[PDB]
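# Understanding the architecture of this molecule
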Amino acid sequence: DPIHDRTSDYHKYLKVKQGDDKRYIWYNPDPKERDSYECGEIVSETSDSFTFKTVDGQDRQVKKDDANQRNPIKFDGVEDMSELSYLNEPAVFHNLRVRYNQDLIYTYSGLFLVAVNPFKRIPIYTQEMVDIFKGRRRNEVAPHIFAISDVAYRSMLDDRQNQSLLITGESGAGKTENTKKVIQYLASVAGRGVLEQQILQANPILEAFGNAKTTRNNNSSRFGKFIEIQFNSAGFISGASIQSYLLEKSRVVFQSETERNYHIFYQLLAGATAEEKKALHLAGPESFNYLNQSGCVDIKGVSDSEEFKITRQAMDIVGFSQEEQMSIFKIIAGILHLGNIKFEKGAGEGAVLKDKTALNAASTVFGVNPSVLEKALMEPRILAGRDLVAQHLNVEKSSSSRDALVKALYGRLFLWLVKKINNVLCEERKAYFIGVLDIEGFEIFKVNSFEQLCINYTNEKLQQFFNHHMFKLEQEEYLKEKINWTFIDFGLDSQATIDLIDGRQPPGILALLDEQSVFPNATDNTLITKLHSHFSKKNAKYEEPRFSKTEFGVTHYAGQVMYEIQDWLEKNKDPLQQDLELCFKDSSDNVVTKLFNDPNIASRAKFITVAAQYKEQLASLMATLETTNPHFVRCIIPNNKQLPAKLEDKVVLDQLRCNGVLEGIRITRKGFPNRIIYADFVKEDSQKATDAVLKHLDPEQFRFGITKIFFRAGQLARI
Ligand SMILES: Nc1ncnc2c1ncn2[C@@H]1O[C@H](COP(=O)(O)OP(=O)(O)O)[C@@H](O)[C@H]1O
Ligand code: BEF
Ligand SMILES: [Mg+2]
């Protein structure tokens, strides 16, 4: 029994090792750097302040309700931060750091599982590790993604209720790795198996087409996902379903320095056989504009040819036909060829295509007519007035249209891959489900565009959902034992920002964006002007900048975010010339044809803008989450260098402020956080027996209940 054998890998890798007076505080040696603390010993006090000795042996003073008291050393490495007497920033970080120093990357903080990326392998995900967590309560085993997974599974079986695990945090923090562990765990504890294996193999497929090397993560997820693992009433896996969100289609046509395009492009060019290579007119990455601009074509530690074998293997297991696999690769190759089309200026303003090589190669692989494609690109017919007239586009517009075609192809293909996978995995009458959400947390970059607003909008709703969940839990517990606290549902605090974004009346940002989009005469400038007209000095969550004419600020839960408006109209309409649509609807390829003829893939439904679709999909997601018992995982990146053993105070503390753990862990401290059953406290009339152990020593520090005794912050600690 590894849990009781101190020599087990369990004890070594998941527990603080077990063998056979004065007060301190955390202070800043430099008051400008609020996150760099040292430990100072308190030596004296007045009533409104402390005096402590710094490391450089000095004497300073600070107010009492400003002091960051250090918890007693015995608490260093505690598994649940709910046990800490003090929950100030430095204290919370200190406990995370003591654990991290011991390669203990998982820690609870109330409802949250906090997971700090180790950036090295830690052997805690083997089958033996899996077996240990089966059936164990959270407080019976060490913190681990497997423990939250198990707790969810048992809750599903015991309560006959659907569950969700929300795994968030910034890019590179560990969301996807932890999501994969959840799926591994469920697969093992609830599996047989062909199905289990098909479920596991869906991942590699999606990651090949949806992930890419960015500066923050060698394997960054460029789309969000909600994975529904389905179970029959006996508790065995019966199916799965995947919903994808906000695929970064722009990456296909542009990548920042040192970043890569999606993995699949490199897998194909490196793993294709001689036959395929000549048959798809392939070459090295350096010969494709869509792959030769960033300066990076490889990832240290990754073999694209090997990965390609893994990808094909996953495709076989899931059941993609050889013909379907070939067509998928034809689409990937065609996109690269489209990227190599060089438009040049003609006699007039109209672009021309001198060399037909890439056009023909693309047209050959896609199975479309090159003459029809060339015209669709350079001379699309537009409905001007009552006349349908072919317009001759210049180099810029021709290039942009080509890029639009590429993004539409990649986006539609990804959607098709997801639906194909769902066709194999989905139940179709499932009894219960455990849903896993793997999406980015709040994003605040140097430049924030429409995609950031969308993700921040999602996070506002998820944060509100968390706060409302807490309110309900506490309200129920208090109203159960009858115990007068009036607390406010902090979820209400999120409504103003949410309304600013998605409100109908008065119209919010998305509604104004839609209004500017589906009617003529609008530009980025008319759009930003309208937003200012509606919200500047009129909505408390909005800010018109002092100088910029193209940005606006929104006060989000995690801070103000400044958005730039460039291209929002285009992003919201996501246009593709009808002649291009017509061009590809005639494709001879079996997959290409679905991408343009199946309305479930070719069209947003009845149009609707991108913002409206996003709003609807998020509302559907929230409605599903509301029917579940939720579990929360906060992934934390230790630094911005992808290095192990380097837990950077500033980097970590910022994430703790913006993800809700600092705020959340304190909410319970308002009122009576500790509640213990009478009989368990005394160890006849339990109530009186307790009234007597307490009276043997301030009644205001406690409020008896119907089954438990309620203590105020720190009181239980004193006893
Ligand atoms: N628990 C972990 N153990 C080992 N490596 C990890 C772990 N979690 C994160 N990784 C490392 O960090 C990288 C990024 O993690 P990932 O889950 O892709 O981040 P996100 O999905 O939050 O953008 C991984 O590819 C891996 O190298
Ligand atoms: F880059 Be991680 F997927 F957010
Ligand atoms: Mg990811």
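Residues numbered from 1 in each chain as written, not as in the entry; some residues may be left out. Chains lettered and ligands numbered in written order. Heavy atoms only, no water. Residues with missing side-chain atoms left out of burial classes, pairs and counts.

## Some details on the UniProt feature "binding site: ATP" in the protein
UniProt records the feature "binding site: ATP" at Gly169, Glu170, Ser171, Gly172, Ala173, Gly174, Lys175 and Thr176, using the numbering of this structure. As for its position among the elements, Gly169 is in the loop between β8 (163–168) and α5 (175–190). A residue is classified by how much of its surface remains accessible, and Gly169, at 12% relative accessible area, is buried. Those residues within four positions of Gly169 in sequence are excluded, and the remaining contacts are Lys175, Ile439, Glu440, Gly441 and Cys635. (UniProt positions renumbered as here; feature names shortened; annotations may be inferred. Helix = DSSP H or I, 4+ residues; strand = E, 2+ residues; numbered from the N terminus. Buried < 20%, exposed > 50% of the residue type's maximum accessible area, 1.4 Å probe, protein only. Contact = heavy atoms within 4.5 Å.)

## Some thoughts on the packing of helix α6 (residues 194–210) against helix α7 (residues 263–271)
Where α6 contacts α7, the two axes come as close as 5 Å, and the packing angle between them is 100°. Between α6 and α7, the interaxial angle falls into the category roughly perpendicular. Residues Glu207, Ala208 and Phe209 of α6 form the contact with α7, whose own contacting residues are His263, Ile264 and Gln267. Classifying every residue of the contact of α6 with α7 gives three nonpolar, two polar and one charged. (Axes fitted to C-alpha atoms, helices over the stretch in contact; angles between N-to-C directions. Parallel < 35°, antiparallel > 145°, perpendicular 65-115°, else oblique. Nonpolar A, V, L, I, M, F, W, Y, C, P; charged D, E, K, R; others polar.)

## Describing the coordination of the magnesium ion (ligand 3)
Looking at the magnesium ion (ligand 3), one finds its protein donor set to be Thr176 (OG1) and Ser221 (OG), positioned 2.1 to 2.2 Å from the metal centre. Among the residues examined, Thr176 registers a relative accessible area of 11% and is labelled buried. (Donors = N, O, S within 2.8 Å, 3.2 Å for Na, K, Ca; no water.)

## Here we look at the environment of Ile601
Relative to the helices and strands, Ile601 is located in helix α21 (residues 599–602). We classify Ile601 as buried; its relative accessible area is 6%. As for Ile601 and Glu228, which are separated by 373 residues in sequence, their C-alpha atoms are 21 Å apart. Every residue in contact with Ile601, bar those within four places of it in the chain, is listed here: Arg412, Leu415, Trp416, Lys419, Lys594 and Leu595.

## Focus on the site of ligand 1
If you check the shell around ligand 1, you find 16 residues, and the closest are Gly172, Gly174, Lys175, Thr176 and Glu177. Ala173 places a main-chain nitrogen or oxygen 3.3 Å from an oxygen atom of ligand 1. With respect to ligand 1, the backbone of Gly174 contributes an N or O atom lying 2.9 Å from an oxygen atom. Its free accessible area being 560 Å², ligand 1 has 82% of it covered by the protein chains. Within the shell around ligand 1, the residues separate by chemical class into five nonpolar, seven polar and four charged. (Near = heavy atom within 4 Å. Polar contact = N/O pair within 3.5 Å; in protein donor to acceptor, adjacent residues only side chain to side chain. Areas by Shrake-Rupley, 256 points an atom, 1.4 Å probe, with all protein chains shown as cover.)

## Quick notes on the pattern of salt bridges
Taken as a whole, this structure holds 34 salt bridges when the rule is applied. Note that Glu140 is salt-bridged to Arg137, the shortest N-O span being 2.4 Å. On the basis of relative accessibility, which here comes to 31%, the residue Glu140 falls in the partly exposed class. In this structure, the salt-bridge partner of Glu207 is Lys180, at a minimum N-O distance of 3.4 Å. The class for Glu207 is buried, based on a relative accessible area of 9%. Taken together, the salt bridges that share partners define one network made up of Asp35, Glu89, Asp654 and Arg657. (Salt bridge = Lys/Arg side-chain N within 4 Å of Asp/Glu carboxyl O.)

## Here's the deal with the domain arrangement of the protein
Looking at the protein, the domain boundaries give domain 1 (450–573 + 622–625) and domain 2 (674–718). A straight line from the C-alpha centre of domain 1 to that of domain 2 covers 44 Å. Taken together, the eight residues of domain 1 in the interface contact seven residues of domain 2. Here the side of domain 1 that touches domain 2 is composed, by residue class, of three nonpolar, no polar and five charged. (Domains from an automatic or database assignment.)

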